[PDB]
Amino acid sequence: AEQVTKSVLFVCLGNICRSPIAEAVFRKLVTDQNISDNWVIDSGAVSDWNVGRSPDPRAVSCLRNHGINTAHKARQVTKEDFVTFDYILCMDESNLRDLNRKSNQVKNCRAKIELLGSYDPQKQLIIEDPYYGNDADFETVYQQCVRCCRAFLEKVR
């Protein structure tokens, strides 16, 4: 068994609600496809405000309902991420404006930066911040990341 090693970094503002859901989902997919050894996956924040914190409790329990677990600590996106990751996928256009800005700060930017939702077969471009929502909104977010990541993998696979 042999292919190339591919890398994806999932990005949100805080790296507490959404990017850990999208990251964990994506890991479960790869693991389920027997393709983990070919993938490098991680999640990070635009902001430094929550570095080191654990994922929201609502994200945590939501992933559990689906039999998924995570051990992520929040970390900030850095300049080297633009040189090391094949893909940076974010949640919203704000995340997107911010990364492009920072990427400029890099000379040799090899990362393709895009909205995760741009992969959604249902076309919901945007993945809403569920922080102030309740438990059904987290379930809605999980659902979108599932759609998107399944579609992302299948074309980069």
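Residue indices: 1-based, along the sequence shown.
Between 129-137 and 7-15, it is 129-137 that carries the larger average Cα temperature factor according to the deposited entry. Averaged over their C-alpha atoms, the temperature factors of 108-116 and 41-49 are higher for 108-116. Of the candidates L99, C62, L89, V30, the one whose C-alpha carries the top B factor in the deposited record is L99. Of all the options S94, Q122, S36, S54, the entry's greatest CA B-factor is assigned to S54. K79 sits in the highest third of its chain by CA B factor, as recorded in the PDB entry. In the PDB entry, a CA B factor belonging to the lowest third of its chain's modelled residues is recorded for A151.
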